[PDB]
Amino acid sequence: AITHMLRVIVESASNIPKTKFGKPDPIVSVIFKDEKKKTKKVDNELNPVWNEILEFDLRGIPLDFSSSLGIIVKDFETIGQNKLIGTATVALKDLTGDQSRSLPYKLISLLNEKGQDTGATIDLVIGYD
């Protein structure tokens, strides 16, 4: 039996909210089935670009109707815990089946801790290897 991987390209984000002083330093956490991989941070940027590629071992478990990807965008803090900008959960059901394909996932709204749209978005490309 062959190994399959979920491929996530973190492309960019837009309209990250301004901070009172200085500028936010965005960094994205990508979580698939509790495995977390991060991007690099981008310094002092409201519209960051990464073009970073992450791949997760599916470990023989196929994608199904309920499969999803978690995204958390935070503002890097050198001292202690980074600051939340927003989250998204992305439905992966369009990748189900045995056909390798990639799809764009554009203008994904990032939601704050109250679940409100922040006006910021992230763009991904996600594929089934």
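Sequential numbering from 1, following the sequence displayed.
Next on the checklist: I need to verify one thing: averaged over C-alpha atoms only, is the B-factor higher for 112-120 or for 6-14?
Outcome noted: Mean CA B-factor is higher for 112-120.
Next on the checklist: Tell me which stretch, 92-100 or 22-30, has the higher mean Cα B-factor listed in the entry.
Outcome noted: Stretch with the higher mean C-alpha B-factor: 92-100.
Next on the checklist: Between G70, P48, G86, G60, which one tops the list for Cα B-factor in this entry?
Outcome noted: Answer for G70, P48, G86, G60: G60, with the highest C-alpha B-factor.
Next on the checklist: Can you tell me which of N44, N82, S66, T39 has the maximum CA B-factor listed in the PDB entry?
Outcome noted: Answer, based on the entry's C-alpha B-factors: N82.
Next on the checklist: Quick check on the deposited entry: does the C-alpha B-factor of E52 sit in the lowest, middle or highest third of its chain?
Outcome noted: Ranked within chain, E52 CA B lands in the lowest tercile.
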